[PDB]
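**Q** This is the structure I want to talk about, given as structure tokens.
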Amino acid sequence: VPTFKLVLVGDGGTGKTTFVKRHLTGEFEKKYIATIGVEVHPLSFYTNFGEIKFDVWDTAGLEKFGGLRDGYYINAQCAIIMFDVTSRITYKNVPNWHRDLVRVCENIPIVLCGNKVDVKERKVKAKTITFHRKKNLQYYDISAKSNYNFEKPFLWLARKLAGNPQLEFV
Amino acid sequence: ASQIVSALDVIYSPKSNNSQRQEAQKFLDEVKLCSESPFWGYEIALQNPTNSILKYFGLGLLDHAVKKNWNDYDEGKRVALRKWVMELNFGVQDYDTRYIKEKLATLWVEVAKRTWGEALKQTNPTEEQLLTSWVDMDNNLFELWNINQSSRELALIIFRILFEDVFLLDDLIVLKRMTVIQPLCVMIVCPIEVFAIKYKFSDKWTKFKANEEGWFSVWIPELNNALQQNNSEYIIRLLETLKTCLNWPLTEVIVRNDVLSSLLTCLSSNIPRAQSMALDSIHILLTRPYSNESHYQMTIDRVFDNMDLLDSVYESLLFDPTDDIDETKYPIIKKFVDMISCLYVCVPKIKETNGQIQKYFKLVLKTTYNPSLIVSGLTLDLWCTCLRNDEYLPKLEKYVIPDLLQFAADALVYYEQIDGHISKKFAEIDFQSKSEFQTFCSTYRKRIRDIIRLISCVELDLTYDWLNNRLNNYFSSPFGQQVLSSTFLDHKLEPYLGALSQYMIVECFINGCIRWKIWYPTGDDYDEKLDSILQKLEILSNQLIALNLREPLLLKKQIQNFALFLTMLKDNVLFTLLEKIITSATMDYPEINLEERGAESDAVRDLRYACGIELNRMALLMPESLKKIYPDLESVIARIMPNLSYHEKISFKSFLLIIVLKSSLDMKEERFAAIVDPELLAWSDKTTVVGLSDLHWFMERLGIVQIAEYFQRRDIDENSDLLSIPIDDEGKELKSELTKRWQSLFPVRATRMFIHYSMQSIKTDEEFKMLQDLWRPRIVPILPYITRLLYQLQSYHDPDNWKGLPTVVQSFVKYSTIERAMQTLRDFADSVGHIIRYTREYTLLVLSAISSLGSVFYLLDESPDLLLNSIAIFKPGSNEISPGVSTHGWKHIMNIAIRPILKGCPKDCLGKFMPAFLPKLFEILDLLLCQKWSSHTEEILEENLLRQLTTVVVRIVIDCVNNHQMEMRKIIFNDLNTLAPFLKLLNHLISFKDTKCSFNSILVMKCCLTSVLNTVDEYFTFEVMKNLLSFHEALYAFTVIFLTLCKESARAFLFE
Ligand SMILES: Nc1nc2c(ncn2[C@@H]2O[C@H](COP(=O)(O)OP(=O)(O)OP(=O)(O)O)[C@@H](O)[C@H]2O)c(=O)[nH]1
Ligand SMILES: [Mg+2]
């Protein structure tokens, strides 16, 4: 059985921990607790070609709380950059997160996720999102409150890692 | 020394619990915060070369020390940190992982940004000052460049990071140090003599530069030597570092080392990363600012002389998408096409000597053929811009336009609706939704139609010759034969879509011909050319009509294209085309029944409806043109009338009416009467006139009595679930009979069409008065009947009215009242309700149009009473306003009648209409809004409807309190009968839950408070102040009222 280390990075309060939790269990937490350090969460998927596991290293999104702010990316095999559509400061910081994410792990697949799309007021309009196509990243519009595309990033990462674009969750 | 290693093992071990990781992280953070953290980090990094994680942690300690405590350290400690960083960098070896070298470079750059060159800010700085400023940085870097291969990579990383921070990124430290950093970075790369040309700086700067020849003279030879040796990794590293140091440096360095040749050589190499970085670098060189334009000319000439190389590169990048798109080359293809599309700006600056421009445009066209729409879409804007600008037009006219036209024609298809189109393979990669693909395809087809429109505008003769060849070939093809034979295509399969694309191409050609009238210079030759264009358009129209196409949706597109035609043609040629439009569009279809509501009958109904719109629009635009043709159009319409339903009969009569009125034909009154009176005569029918006052007679005419007979015959129980009970043939027959009876019984649509188009395009006040004298004899007599009809539809919603109705239909009518093909009896009741609502909307629109007649309607004394008493519906005992009428109904009533009827007042009639209308209107509105708010998903929808109604009411208030408001304020404030209801309305509005309504009402009150305070005082004191007691301004208004009322028992009551 494969096992790919996945590092989830993004600004604090963007929903990284909520997204990871809702993938671990059906619950969608609403109270916000700033992750301190890193949360390691073995997350598994079943696909037509077998099973895969992502060691989702959920990193803290705040400077005060990020212990090994870049040491967590060491030996990473894939990564996810989460930014809040409702808050435009987070998107402004996406280039920074990618910049210091590719320094450690160079050629890993990276997925840019626009979280919290359910709300009626998204300051980061889809028209203004162009970083993903600038760096050739796969971009998705997800919300861990509606399960809009929660599984899409993991499917894309699994396809890239396994070299099997026909791979599909079952 | 070992606790740190154990903590790191805990942190990185997959088996550790998050609590254990957090404890270890607490320990590591404690270590990081220690006073001697940087020295421990340096020791760890030096003494643990084999342990990558531990060395990275030590370097992280150093990075935190330099990056977060630099101000605290003294000069000695800063020099110590610089020495430690240099010692670590010089110790790099082949076993250091990539991320270790990145961190070492980060440390070096972080020290340099803060210490490099600060001594230069002084004058003739001492040796100590220079050393404190890292005078030897460049010499050290050159030394680091020769230690071994691993260090050479590290030096490249250092340069990449340094130039990225200093120039590309908006780093804060360099933002402060810019004036001395940016000149220094340029100094090290540029040769000394070249640097002196641009900058006047003194000799002290020379001490900071080691290699007299600069760095480019080191990188570029290395890049060429790596290309010769085909060293892929080294080439990629050099391009990465070299890609960040091309925008800023002095152009003389770029030219002297011939960087662009090296970039082109990299591009020719089959290394995807190298090709991508070479494309980025070439784009940077093209778009970067140039102080000396000779160098820019050299750059563009070098790029354009190598169009064969670029074509070869594109050919190499291409791949077969049938199996699977090569994700390693598709991004590079997009990058290449994007870079190419920006070159056309440089075309006019290039002296074509070896066919450079022809090769460039051929390459751009070839890229446009790319299967991916995004790749194609990049160059579409290029083609539109080039065609519009005459600078490039002579060059395109020779090379591409003949082939670009063919491509545009072939690419004007519906990609999404095609089965397994090659483009859709790229869709799931570039777009994450179907809707994204649909909208992008719509935009793509729009831009494609722009290309065909402009190509036909410019090369009109060539396009027309090409068009006829295309149409003749197509309609002889099997698909063309199917289209010309069939009468109802599937609207999703190939024949219809192909024919539709052909007609879109014809539309684009017609639009181009129209634009040509504006594009072509108004020279002497203009008239002959325009006559030739008109003859060509006539020939094309005769060709298309001769096909006897029958498919409605295609026949509608043909009719609309001919509508575009008609804006130009004139005289008899206009009539021969217009008559064929009328006859073909209104031709009957025996193969189908025109009342079954089938998907193949709605097509015909829409077709016949499209002509009415086009004919009326054309008549409005060109009445004088149709004046002399009218004698024949009248006969044509008379011949076509028998096979037209009432709905379209009215439209064609309206077309004739428009021609009669706006064309200045003789004896307008007689023709007008001949056209209008037969339709409006239904209003004056004695049976309708007398029975319209009886609700029961209204129900019977609506057919509810017959519905009761039908239900009784089918023994439909009063409580039987009509939701499931099916409809039969008799039900459909009865519904059709009633609808046919209903429309002709109350010709509201005919009245609204005739009045609206009659007053559509008034030119002079005399014409307006003439029309008034024309409508007055036949509108005033029927106004009571129209208002009664609106009254009945209003009382039809009152539950008590249908109490005497038979019990079997009690549920049916109740369903009809409920708001929001027909196969179940519940759908039958819903359709009856739709009929009632439709009649209610049109009878409102009739009243608005009668309002447009100005003095005819307003200056009539009884009009206010009629209108309000017909919309009020006051119960005998209860104060309910129009019981059982939906809030959406009130919203429509207000918006579509009261606002137009108020804003449409004549400024010379406000003295007779408003006094007898504003009091009652305000009382009704107050009573209605209070009742609606007295009661306060389905509930949320009702709340939203109430919000919309309140917004409309406020808008009415705002529009009543410019030229119009100036008189309306005077009218309102000088009559208590109008003021007191107005104050009641304001008091009710301010207190309602909706924030926007209260805010706007408070603004209105502030606007007019000074003019009203002059039993108004009593009402203000007792109700306004109490009710009020947005927040700040509301309190301001309250205090404004108080300052006068309590200054002149009011204060005691307020205190209470
Ligand atoms: N509207 C909306 N809000 C969400 C969604 N997901 C999370 N949130 C909110 O955003 C907050 C994010 O919480 P966390 O995920 O724990 O914070 P984080 O993303 O890990 O950020 P850090 O812990 O600082 O690294 C939650 O408390 C939620 O209230 C979502 O899908 N839609
Ligand atoms: Mg978190």
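Just so you know, the numbers here start at 1 and follow the chain as drawn.
Per the header: electron microscopy, 3.1 Å.
Each Cβ is built from the backbone N, Cα and C atoms, and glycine gets one as well.
If you look up Swiss-Prot, you'll see A:11-18, A:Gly61, A:115-118, A:143-145 marked as GTP binding site. Look at Swiss-Prot and you will find A:30-38 tagged as region 'Switch-I'.
Looking at the shown structure, can you explain where the listed features end up?
**A** For A:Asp11 (GTP binding site), applying a Cβ distance below 8 Å and a minimum sequence separation of six or more within one chain yields A:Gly61, A:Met82, A:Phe83, A:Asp84, A:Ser87, A:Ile89, A:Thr90, A:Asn93, A:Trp97.
Per DSSP, the secondary structure of the region 'Switch-I' (A:30-38) breaks down as 0 helix, 1 strand, 8 coil.
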**Q** Taking ligand 1 as the reference, state which of the binding-site residues A:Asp11, A:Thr17, A:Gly61, A:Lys116, A:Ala144 have a Cβ closer than 6 Å to one of its atoms.
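**A** Near ligand 1, sequence order: A:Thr17, A:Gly61, A:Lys116, A:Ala144.
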**Q** Near ligand 2, meaning Cβ under 6 Å from any of its atoms: which of the binding-site residues A:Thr17, A:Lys116, A:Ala144 fit that description?
**A** A:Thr17
**Q** Using a 10 Å radius around its CB, how many other CB atoms surround A:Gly13 (GTP binding site)?
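**A** 17, counting other Cβ atoms within 10 Å of A:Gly13 (GTP binding site).
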**Q** According to DSSP, which of helix, strand or coil covers A:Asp118 (GTP binding site)?
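**A** Going by the DSSP assignment, A:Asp118 (GTP binding site) belongs to neither helix nor strand, so it counts as coil.
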**Q** Just going by other Cβ atoms within 10 Å, which of the binding-site residues A:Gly15, A:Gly61 has the emptiest spot?
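**A** Lowest Cβ count within 10 Å among the binding-site residues (A:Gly15, A:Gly61) is A:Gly61.
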**Q** Just to confirm: which same-chain residues, 6+ apart in sequence, have a Cβ under 8 Å from the Cβ of A:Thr17 (GTP binding site)?
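**A** The answer is A:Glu29, A:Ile33, A:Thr35, A:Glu39, A:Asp58.
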**Q** Quick check: in three-state DSSP terms, what is A:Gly61 (GTP binding site)?
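**A** Where A:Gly61 (GTP binding site) sits, the three-state DSSP reduction gives coil.
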**Q** According to DSSP, collapsed to three classes, what secondary structure does A:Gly13 (GTP binding site) have?
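**A** DSSP call for A:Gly13 (GTP binding site): coil, neither helix nor strand.
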**Q** Counting only residues 6+ away in sequence within the same chain, which have a CB under 8 Å from the CB of A:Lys116 (GTP binding site)?
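**A** Expected: A:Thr14, A:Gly15, A:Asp84, A:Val85, A:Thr86, A:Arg122, A:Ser143, A:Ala144, A:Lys145.
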**Q** Determine the most Cβ-crowded residue among the binding-site residues A:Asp118, A:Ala144, using a 10 Å radius around each Cβ and all protein chains in the structure.
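**A** Answer by Cβ density within 10 Å: A:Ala144.
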